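Here is the naming used below: chain letters follow the sequence lines, and residue numbers restart at 1 for every chain.
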Amino acid sequence: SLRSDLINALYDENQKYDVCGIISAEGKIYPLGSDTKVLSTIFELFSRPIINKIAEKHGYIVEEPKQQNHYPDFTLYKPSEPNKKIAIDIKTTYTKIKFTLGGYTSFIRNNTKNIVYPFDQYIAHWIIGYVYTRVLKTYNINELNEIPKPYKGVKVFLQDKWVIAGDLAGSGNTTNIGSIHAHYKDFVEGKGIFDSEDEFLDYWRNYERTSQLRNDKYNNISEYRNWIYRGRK
Amino acid sequence: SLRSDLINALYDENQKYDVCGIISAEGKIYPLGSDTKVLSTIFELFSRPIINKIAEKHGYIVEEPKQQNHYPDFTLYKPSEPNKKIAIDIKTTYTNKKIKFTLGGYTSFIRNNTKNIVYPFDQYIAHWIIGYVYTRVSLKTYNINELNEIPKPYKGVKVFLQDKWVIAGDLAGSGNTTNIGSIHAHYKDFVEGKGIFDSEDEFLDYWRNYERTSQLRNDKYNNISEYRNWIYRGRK
DNA sequence: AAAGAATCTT
DNA sequence: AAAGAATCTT
Ligand SMILES: [Ca+2]
Ligand SMILES: [Ca+2]
């Protein structure tokens, strides 16, 4: 299974290799920072070749966005199964945890908005989630093991987005779907709040931007289900 | 001075080294992406040791933010004169073959002395911007012996150190994220400091009173000329 | 252009 | 929670 092999490959790479700096062609090494801004960029680069290997192993073509502001990080597809593409997106958080699962105002409400391929052709939306416990000169190659690593214990999971999605927004002005606020294992096990991928889509598709507005609609799943029960009114 | 030395230091470092990938303690190397989110991070990390080096050469303590949404990237100051701190922020943008930068938020520390800033805004006497401009240029991993084989994610890169106010423009750099926009000019004007403001006082006031949407400022000011007219009218 | 896409803090 | 802080595309 692509998914089976991918998570095993990622889980394995994570376990066997520790990123500790950026290197120049001339061999000079610059240490890393402890900002998620830095580490998220790192975790994506660390993931790229592994995703590529497993995909090719399964006959999948991997495409990355051409222009920025486009989802997802990696689009996987067989030329024979063009309308059954799978979306893989890298997400990071640090230390219960929570992730911002992308916007609810672009591709989920508009088939072609801010997405490499029309939302139509994807049959799966996976999230490779990384969590790290947060913890000034250069080094030569001969010092790789001496460079202080900017994190304590990174963990990685592979889950379906709809399965780890929560009912509360992940961000305000940038309108992101928020994930469940739970322990790492709950992500691996897929202990979400939605009963189906459809309920997930419907919910974030009609979620109002501010609590002012969703005060008169729904602010959580229970209220959403009541809103559903009465006739979406 | 610290400023000249730093600028000299940055130029020389950028000339001598080409960042090409991330390296593991085990020696495996993962290539770099060619997207500015990746490159911004890289360039920031590349600058840190040089900045720290020179600062130390001048007697300055370098402090980075303890929290994430906090300006600036680096705060330099002598412990003898803590009220005279220097803010240094790393900015990045790209060219395909005139450029522009997003110079920071206009609703945070500039309007509130302690909002989203490491130290109260009033303790900084200078706000420097180290700007990187790369001309936009693998899927495998490498070993330490293959460094010359790893693809460089940029065709070229230039760096400048300039006063934030000097390069600021009158049009916003971002909408929802309310960022100050820089001048839309050729790299040389950034180095030359050919801005639009008469002084830093005018720069600060313009951004402290800039309305976030067209409608709002439509009845105030959209550009420098209109701002100057707004001043004439009595800040009305 | 101006507006709005692309994880964290109080 | 909430809401708003932290380069790109049209
Ligand atoms: Ca990406
Ligand atoms: Ca991502």
Side-chain angles (χ1 to χ4, degrees), chain A residues 35-36 38-41 43 65 67 69-73 89-94 97-110 113-116 129-131 166-179 181 208-211 213-214 220, chain B residues 35-41 65 69-73 89-94 99-112 114-118 131-132 169-182 184 210-214 216-218 222-223:
Chain A
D35 193 340
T36 289
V38 182
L39 295 173
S40 63
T41 280
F43 297 154
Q67 46 221 211
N69 300 171
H70 275 26
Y71 165 89
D73 283 322
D89 215 54
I90 316 286
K91 255 82 179 78
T92 309
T93 196
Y94 79 110
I97 55 180
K98 181 169 169 168
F99 298 83
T100 42
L101 305 177
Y104 57 78
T105 294
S106 41
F107 54 89
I108 89 156
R109 292 178 193 228
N110 187 286
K113 194 177 160 203
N114 299 289
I115 190 164
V116 175
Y130 285 90
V131 62
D167 53 342
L168 295 185
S171 67
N173 50 0
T174 173
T175 55
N176 263 231
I177 295 172
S179 80
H181 175 50
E208 234 61 47
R209 273 106 153 154
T210 65
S211 29
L213 302 178
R214 64 190 182 257
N220 54 42
Chain B
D35 120 93
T36 159
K37 188 187 183 178
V38 171
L39 296 177
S40 297
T41 300
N69 307 337
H70 272 36
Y71 168 90
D73 292 333
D89 229 37
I90 314 303
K91 252 62 195 186
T92 309
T93 197
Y94 77 88
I99 68 188
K100 49 162 176 153
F101 292 88
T102 44
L103 306 170
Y106 62 69
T107 75
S108 47
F109 52 88
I110 79 164
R111 301 192 187 208
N112 183 308
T114 49
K115 204 155 80 100
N116 294 105
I117 188 159
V118 192
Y132 284 90
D170 54 355
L171 293 189
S174 80
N176 59 20
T177 60
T178 56
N179 256 236
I180 291 174
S182 77
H184 182 231
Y210 186 91
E211 302 292 294
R212 59 202 73 213
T213 311
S214 281
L216 290 301
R217 55 188 186 259
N218 200 68
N222 147 232
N223 52 60

Could you state the atom-to-atom distance from NE2 of B:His70 to P of C:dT9 in whole Å?
9 Å
OG/B:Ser40 to CD1/B:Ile90 distance, rounded to the nearest 0.5 angstrom?
10.5 Å
Length of the line joining B:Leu39:CG and D:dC8:P, which is rounded to integer Å:
10 Å
For atom NE2 of A:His181 and atom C1' of C:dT7, their distance in whole Å:
15 Å
Counting any heavy atom closer than 4.0 Å, what does B:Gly104 reach on the DNA or RNA strands: base, sugar-phosphate only, or nothing?
nothing
Round to a whole Å and report the spacing from CD of A:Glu208 to P of D:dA2.
13 Å
Separation of D:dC8 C1' from A:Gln67 CD (nearest whole Å):
11 Å
Along DNA chain C (nearest heavy atom to each residue), the more 5'-positioned of B:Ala172 and A:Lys91
B:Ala172
Using the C1'-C2'-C3'-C4' torsion, classify the pucker of D:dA3 as north or south, with positive meaning north.
north
Ranking C:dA3, C:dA5, D:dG4 by distance to the side chain of B:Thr213, first place goes to C:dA3
Look at the side-chain N and O atoms of A:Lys113 and state whether any lies under 4.0 Å from the OP1 or OP2 oxygen of C:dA5.
yes
Does the side chain of B:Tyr94 get closer than 4.0 angstrom to OP1 or OP2 of D:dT9 through an N or O atom?
yes
Side chain proximity check, B:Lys91 to B:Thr93, heavy atoms < 4.5 angstrom:
no
Work out the sugar pucker of C:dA2 as north or south, treating a positive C1'-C2'-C3'-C4' as north.
south
Can you tell me how far P of C:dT9 sits from CG of B:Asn112, to the nearest Å?
18 Å
State, with a plain yes or no, whether a side-chain heavy atom of B:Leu171 is found less than 4.5 Å away from one of B:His184.
no
Looking at C:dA6, I'd like to know if its phosphate oxygens (OP1 or OP2) sit under 4.0 Å from a side-chain N or O belonging to A:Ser106.
yes
Determine whether a donor-acceptor pair (one donor, one acceptor, N or O, separation below 3.5 Å) exists between the side chain of A:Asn114 and the base of C:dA5.
no
Please determine, for the side chain of B:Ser214, which listed nucleotide (D:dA2, D:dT7, C:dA3) has the closest atom?
C:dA3
Could you give the distance from OG1 (B:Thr213) to CG (B:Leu216), rounded to the nearest 0.5 Å?
5.0 Å
Ranking C:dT9, C:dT7, C:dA5 by distance to the side chain of A:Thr100, first place goes to C:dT7
Can you tell me, in whole Å, how much space there is between the P of D:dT9 and that of D:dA5?
25 Å
Label C:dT9 north or south, basing it on the sign of the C1'-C2'-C3'-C4' dihedral.
south
Base, sugar-phosphate or nothing for A:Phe107? Non-hydrogen atoms, less than 4.0 Å.
sugar-phosphate
Using atom types as modelled and distance alone, determine if a side-chain donor or acceptor of A:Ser171 lies under 3.5 Å from a backbone N or O of A:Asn176.
yes
Whenever both distances are under 3.5 Å in a Watson-Crick or G-U wobble pair, mark it; put DNA chain D into dot-bracket that way, with [ ] for crossing pairs and | when the partner is on another strand.
.||||.||||
Assign A:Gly170 to base, sugar-phosphate, or nothing according to its heavy-atom contacts below 4.0 angstrom with the strands shown.
base
How would you label the contact of B:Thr107 with the nucleic acid (heavy atoms, under 4.0 Å): base, sugar-phosphate, or nothing?
sugar-phosphate
Of all the nucleotides listed (D:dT7, C:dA1, D:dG4), which has the minimum atom distance to the side chain of B:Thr92?
D:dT7
Spell out yes or no: do the side chain of B:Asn222 and the base of C:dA1 have one donor N/O and one acceptor N/O closer than 3.5 Å?
no
Let me confirm one number: the CZ-OG1 distance from A:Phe43 to A:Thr36, rounded to the nearest 0.5 Å.
8.5 Å
Using OP1 and OP2 only, check whether a side-chain N or O of B:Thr36 sits under 4.0 Å from D:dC8.
yes
Partner residues of B:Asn176 under the side-chain contact (heavy atoms from CB on, under 4.5 Å) criterion, sequence neighbours left out
none
Determine the sugar pucker of C:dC8: a positive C1'-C2'-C3'-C4' angle counts as north, a negative one as south.
south
With heavy atoms under 4.0 Å as the rule, sort B:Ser174 into base, sugar-phosphate or nothing.
base
Closest nucleotide among C:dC8, D:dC8, C:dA2 to the A:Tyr94 side chain:
C:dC8
Tell me if the side-chain of B:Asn179 makes a donor-acceptor pair with the base of D:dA6, cut-off 3.5 Å, by modelled atom types.
no
Under the 3.5 Å rule, do the base of D:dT7 and the side chain of B:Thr177 count as making a donor-acceptor pair?
yes
Do A:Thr93 and A:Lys98 have side chains that approach each other closer than 4.5 Å (heavy atoms only, starting at C-beta)?
no
Note down whether D:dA1 puckers north or south, where north is a positive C1'-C2'-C3'-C4' and south a negative one.
north
Between P on D:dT10 and CG on A:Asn69, what's the gap in Å once rounded to a whole number?
9 Å
What orientation do B:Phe109 and B:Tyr71 show, parallel under 30°, tilted 30 to 60°, or perpendicular over 60°?
parallel
Quick one, B:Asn218 and B:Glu211 - any side-chain contact, counting heavy atoms below 4.5 Å?
no
I need the CZ-P distance between A:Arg209 and C:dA5, as an integer number of Å.
6 Å
